[PDB]
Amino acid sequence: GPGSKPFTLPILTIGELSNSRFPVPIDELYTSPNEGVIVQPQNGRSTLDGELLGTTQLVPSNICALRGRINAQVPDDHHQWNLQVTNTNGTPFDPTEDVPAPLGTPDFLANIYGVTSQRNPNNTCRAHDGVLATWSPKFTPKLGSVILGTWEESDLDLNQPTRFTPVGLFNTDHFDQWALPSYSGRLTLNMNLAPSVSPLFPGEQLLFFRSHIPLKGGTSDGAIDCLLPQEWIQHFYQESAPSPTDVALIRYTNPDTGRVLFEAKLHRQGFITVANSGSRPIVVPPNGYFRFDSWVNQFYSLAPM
């Protein structure tokens, strides 16, 4: 018994799952070869036995959020405000901690539309919409600071508690969901990253949980693909079940009929592969969900989808 607690997945349909890389619901399953791209997200990362990796944390509304205090407005561009960051749970940020950036920090390049809000000790408040540019030279969260931009040029206070609530993309300039920010700015390498992931057996492709996030203007499918839904990460953190091999065989199952629709490989380091080819969404019955079947090895041959 000891050291062999059985592994399980939560009982949740696709309409009951959340994206772990942007704070919205899952819309569909998706597969693609992503030919030539390095897939290395830092949010939504966990081992199957419950160790969170990268910048991953547990609270859904802290995904892509920021907290801190504004120490100064930029003198020659009053749309820009210097935010000195804390952790999203309110504790001070320790740059010496062995993570790439404060937990929850965005893990992709974009102009992110959102709202900057404040509440003073006397309960006077203000909030203004604007943009967090994760590609900016001044996006240096691992050093403790980022720049916020707003249309408002006067009505934000210095040295008062501040939060950034993300909403979506402002436009598509610089948007690339697989391009990591430089968390310490220009000429400095990222540290303590969760590793890139790829299929390791011929005929297989990654399977993603995909959301189409809001866009304020332009043309885009707004796709944000995560490797594990947030609820699976929360489940593994609680359960802490050991992994006896490299790969768990899982099956998408109708719970009323028992019919198994397809099977997939769930890898120890926290991602899914399927036997499939091409770029396509995957339509599943609204009532089904993945169930654990058995433990196998990296070279197990899946039935084709």
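Throughout, we count residues from 1 along the sequence that is shown.
Of the two segments examined, 237-245 and 272-280, it is 272-280 that shows the higher average Cα temperature factor in the deposited entry. The question of which stretch, 105-113 or 92-100, has the higher mean Cα B factor is settled in favour of 92-100. For the set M191, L156, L148, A223, the PDB entry assigns the largest Cα B-factor to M191. If you compare the C-alpha temperature factors of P214, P195, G217, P229 in the entry, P195 comes out highest. Annotation for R251: C-alpha temperature factor in the middle third relative to the rest of the modelled chain, per the entry. In the PDB entry, a CA B factor belonging to the highest third of its chain's modelled residues is recorded for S184. Ranked by Cα temperature factor within the chain, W178 sits in the middle third according to the deposited record. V131: CA B factor in the lowest third of modelled residues in this chain (values from the PDB entry). In this PDB entry, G15 carries a Cα temperature factor that places it within the middle third of its chain's modelled residues.
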